[PDB]
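> Quick one, fold the following:
(one chain, ligands or ions: 1)
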Amino acid sequence: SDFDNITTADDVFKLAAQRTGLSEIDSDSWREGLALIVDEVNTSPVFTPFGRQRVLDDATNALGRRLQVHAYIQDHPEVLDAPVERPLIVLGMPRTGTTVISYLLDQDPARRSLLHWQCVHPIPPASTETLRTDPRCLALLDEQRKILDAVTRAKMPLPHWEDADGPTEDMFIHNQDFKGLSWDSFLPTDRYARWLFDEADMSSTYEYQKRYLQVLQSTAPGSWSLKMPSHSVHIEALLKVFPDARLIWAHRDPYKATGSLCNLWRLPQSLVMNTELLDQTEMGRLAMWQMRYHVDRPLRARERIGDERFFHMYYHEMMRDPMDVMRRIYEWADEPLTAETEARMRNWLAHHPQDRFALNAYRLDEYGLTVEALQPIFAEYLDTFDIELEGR
Ligand SMILES: CCCCCCCCCCCCCCCC(=O)O
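Numbers count the residues shown, from 1 in each chain. Shown next is the structure:
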């Protein structure tokens with residue numbers, strides 16, 4: 001299992017087949033994206049020798065999951081017959097501060113959420129009663145606690161999980177088809193991101209997500225609650241696969257979210273790249289380019305299908321009164337918010353105080369941006385949605 005002889009996407013495949021002990025796969029869709037990633041980790045000089053191995057190791061594990069899910073479905077065709085109806089899906093720009101709602105929806109026992117451990121070890125699926133106590137989940141929690149090296153180091157802002165097994169993004173299902181925006185944050189250039197947004201056919205990916213969800217439902221049934229910012233970008237393919245999707249559009253100051261995006265990228269850049277070869281001023285234009293797709297893709301879809309197909313969740317409303325937003329979400333989704341559930345939601349908020357709404361200078365200077373430069377990108381967006389800014 002070494003990345004010395006990994007030159008092509010097929011080599012990555014062999015390793016994944018080696019590790020998982022499986023060799024059959026559902027299609028060829030995974031190859032195009034993985035080939036772009038591999039070509040870059042091999043050729044780009046910005047990568048640390050370690051960084052290269054890290055990216056290839058993650059790709060291998062991701063592809064291995066794809067292999068594991070395919071073997072399972074073949075042995076359990078019936079899972080494909082059970083529908084995934086009216087999934088609750090949160091989309092929009094990244095850095096909108098949606099974390100709270102994901103956890104609150106997870107408090108409803110009739111609703112299912114995608115937990116991070118299910119994006120690491122999906123097969124075999126667990127029962128509802130054990131979604132948070134399954135040994136694979138516990139093991140993940142323990143080796144997470146088993147990396148708390150007090151070696152005078154802070155950490156690495158991403159202990160993905162929170163409490164015992166929490167909601168995660170569909171991004172970690174999607175990257176298994178190598179058509180997910182997360183891979184781009186591990187790449188020095190924007191070739192992969194431009195391919196993804198302007199060329200990649202996203203159908204294979206969303207079709208894969210549905211199968212994935214059908215496998216998790218088979219042992220732990222319920223109505224799905226999903227999230228992933230770039231669902232906004234790929235909203236057309238999403239609708240194709242989940243035509244009945246109840247879309248929750250998450251909003252927040254676009255200027256703030258943009259600078260926050262650029263900042264978010266620093267962590268993966270520092271984990272696998274020689275940061276001195278990077279230009280943070282150039283990261284600003286990429287973030288700007290990416291944000292444009294995050295607002296226009298869904299804006300066009302909304303113009304076509306109607307505002308009523310969406311629920312608008314504002315960051316400022318989520319801070320001042322989340323419980324109010326929940327009741328309105330439930331009314332809108334026309335579903336009863338039981339007292340038991342409302343209590344769990346309140347109990348969660350009590351134990352998880354949220355950062356008060358505050359206004360500070362965004363300052364995209366650090367990334368070569370200005371509100372004046374971003375204004376045209378979000379002009380329509382800010383004009384159609386009443387967003388409370390956190391500027392100056
Ligand atoms: C817009 C993000 C949608 C997916 C949400 C799960 C995490 C994906 C990556 C988060 C950063 C999104 C912005 C682009 C980052 C990149 O270029 O990789």
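
> from what I can see residue 322 touches residue 104, true?
Yes - if you go by Cβ atoms under 8 Å, residue 322 and residue 104 touch, sitting 6.6 Å apart. Every C-beta, even on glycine, is put in place using the N, C-alpha and C of the backbone.

> list the residues that contact both of the two?
Common neighbours of residue 322 and residue 104 are listed as 345, 349 (criterion: Cβ atoms under 8 Å, 6 or more residues apart in numbering).

> Surely residue 141 touches residue 164?
Yes - applying Cβ under 8 Å as the test, residue 141 and residue 164 come out as touching, 6.2 Å apart.

> Would you mind telling me which of the two has more residues around it?
Of the pair residue 141 and residue 164, residue 141 is the one with more neighbours under other Cβ atoms under 10 Å, namely 17 against 14.

> now residue 342: how far from residue 327?
Per Cβ to Cβ, to the nearest Å, residue 342 is found 8 Å from residue 327.

> So residue 322 and residue 104 - more neighbours on which side?
For residue 322 versus residue 104, neighbours defined as other Cβ under 10 Å are more numerous around residue 104 (25 against 19).

> got the contact list for the more buried one?
With contact taken as Cβ under 8 Å, 6+ apart, residue 104 is in contact with 322, 326, 345, 348-349.

> Quickly find the element holding it.
Assessed by DSSP states H and E, residue 104 sits inside helix 99-105.

> can you check residue 68 too?
Going by DSSP H and E, residue 68 is part of helix 49-75.

> now what about whatever helix or strand comes next after that helix, what contacts it?
Next along the chain after helix 49-75, taking DSSP H and E as the criterion, comes strand 88-92. Strand 88-92 has contacts (Cβ under 8 Å, 6+ apart) with 98, 101-102, 105, 111, 223-232, 235, 238, 242, 245-251, 294, 298, 313, 333.

> Any of those buried? List them.
Buried residues within those, defined by neighbour count using 16 or more other Cβ atoms under 10 Å: 98, 101-102, 105, 223-232, 235, 238, 242, 245-251, 294, 298, 313.

> What is the neighbour count of residue 311?
19.

> so it sits right up against residue 331, yeah?
No - using Cβ under 8 Å, residue 311 makes no contact with residue 331, being 9.7 Å away.

> What about the contacts of strand 88-92, which are in helices?
101-102, 105, 235, 238, 294, 298 (DSSP state H).

> Output those residues in a markdown table, with distance to residue 82 appended to each entry.
Shown next, in a markdown table, are the ones in helices among the contacts of strand 88-92 (distance: Cβ to Cβ, whole Å):
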| residue | distance to residue 82 |
| --- | --- |
| 101 | 26 |
| 102 | 24 |
| 105 | 21 |
| 235 | 25 |
| 238 | 20 |
| 294 | 32 |
| 298 | 29 |
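
> ok, of those, which one's closest to residue 120?
residue 102 (17.9 Å; Cβ to Cβ).

> circling back: how about the helix holding residue 68: buried residues?
Buried, per 16+ other Cβ under 10 Å, within helix 49-75: 51-73.

> Stretch 81-94 too?
Applying 16+ other Cβ under 10 Å to stretch 81-94 flags 84, 87-94 as buried.

> And stretch 119-133, by the same measure?
In terms of neighbour count (16+ other Cβ under 10 Å), stretch 119-133 has its buried residues at 119-123, 125-126, 131.
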